[PDB]
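Numbering (PDB author numbering), first residue to last: 299 to 543. Built from N, CA and C at the ideal position, the CB exists for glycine as well.
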Ligand SMILES: *[C@@H]1O[C@H](CO)[C@@H](O)[C@H](O)[C@H]1NC(C)=O
């Protein structure tokens, strides 16, 4: 059954291929043709095994990792992707990254997705704001999942993207690294514009900065009061504490 049956030699990727058997797709469908017209696959209602064949073709064609040409239109092939394979990928455009993450909506960060992001960010060089926006959209609890030392490398610019709900899972050792960045990030912003944004990062704020906030008529919430460093609220006086209330 090596040869493709006469007449079934597919010149184009189309809906006819759903009728084909596993070996027929392995015989008839050329890999080079599939790679070019990979944008059609998500349209065609293929079966489980049929996709495995299409996936196998790409490995044969691209032993050294797929190009971004193909990656963009992977779709539900991404689900059947090996972790080592993704390490080869050189993804750059964020529109690529969105499409991949949109196949695993709702679910937890799969091994594949985890390996994709680490490779993505290495390629960029730094964790961008635009990067964070997309990551936090699909996976809110990302920043807290990063190890404290990795957060040190994170530029102050990216803190714009972070939201109050994103830091819920963060332990205080992470907030100690994020606070000075947030402080550098939200600079030149006088008044309540300072306060409203820093609310969250106060969880890792020294005592010297708490005395500064007291005298600027902030009127801090009492919910925020509770989420402060126990060690770094000892030098601060009750007089100073009263000015935050
Ligand atoms: C990624 O880029 C490196 C350096 O240009 C190259 O050696 C490698 O083959 C690329 N990986 C891909 C796109 O398969």
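**Message:** Which residue wins for smallest C-alpha separation from residue 373, given the options 454, 543, 340?
**Reply:** 340
**Message:** If I follow the unbroken alpha helix (DSSP H) through residue 477, where does it start and stop?
**Reply:** 470-483
**Asked** When burial is assigned at 16 or more other CB atoms within 10 Å of the CB, is residue 536 buried or exposed?
**Response** exposed
**Request:** May I ask you to report which of helix, strand or coil DSSP gives residue 336?
**Result:** helix
**Request:** Output the residue ranges of the alpha helix (DSSP H) runs that lie fully inside the stretch 362-424 and measure 4 residues or longer, sorted by chain position.
**Result:** 366-369, 381-384, 392-399, 409-422
**Item:** Exercise answer, beta-carbon shell around ligand 1 heavy atoms below 7 Å
**Value:** 362, 363, 365, 386, 387, 388
**Prompt:** Since residue 428 is in the alpha helix (DSSP H), which residue starts that stretch and which ends it?
**Reply:** 427-436
**Message:** Given a cut-off of 8 Å on the beta-carbon distance, is the pair residue 459 and residue 427 in contact?
**Reply:** yes
**Reference residue 416; option with closest CA among 403, 430, 404** = 430
**Request:** Give a yes or no on whether the C-beta atoms belonging to residue 329 and residue 355 are separated by under 8 Å.
**Result:** yes
**Prompt:** Do you know whose CA, among 316, 323, 475, 343, lies nearest residue 307's CA?
**Reply:** 323
**Prompt:** Is the stretch 444-454 in contact with the stretch 496-507, if contact means three or more CB pairs nearer than 8 Å?
**Reply:** no
**Request:** Compute the beta-carbon to beta-carbon distance between residue 520 and residue 543, rounded to the nearest angstrom, for a pair I have assumed lies under 8 Å.
**Result:** 7 Å
**Asked** What's the call for residue 318, buried or exposed, on a 16-neighbour Cβ count within 10 Å?
**Response** buried
**Request:** State the Cα-Cα distance for the pair residue 289 and residue 452, rounded to the nearest angstrom.
**Result:** As shown, the chain starts at 299 and ends at 543. That puts residue 289 outside it, with no answer to give.
**Asked** Are residue 418 and residue 395 touching if we call contact CB-CB under 8 Å?
**Response** yes
**Message:** Spatial neighbours of residue 530 within its chain, please: C-beta separation below 6 Å, excluding the five flanking residues on both sides.
**Reply:** 504, 505
**Asked** Between residue 483 and residue 457, which are expected to be in contact by the criterion C-beta below 8 Å, what is the C-beta distance as a whole number of angstroms?
**Response** 4 Å
**Item:** Buried versus exposed, by CB contacts within 10 Å (16 or more), residue 364
**Value:** buried
**Message:** Only counting the same chain, and skipping five residues up and downstream in sequence, which positions put a Cβ closer than 7 Å to that of residue 477?
**Reply:** 499, 502, 503
**Prompt:** Straight-line CA distance for residue 343 to residue 315?
**Reply:** 9 Å
**Item:** CA-to-CA distance, residue 309 to residue 390, given in whole angstroms
**Value:** 31 Å
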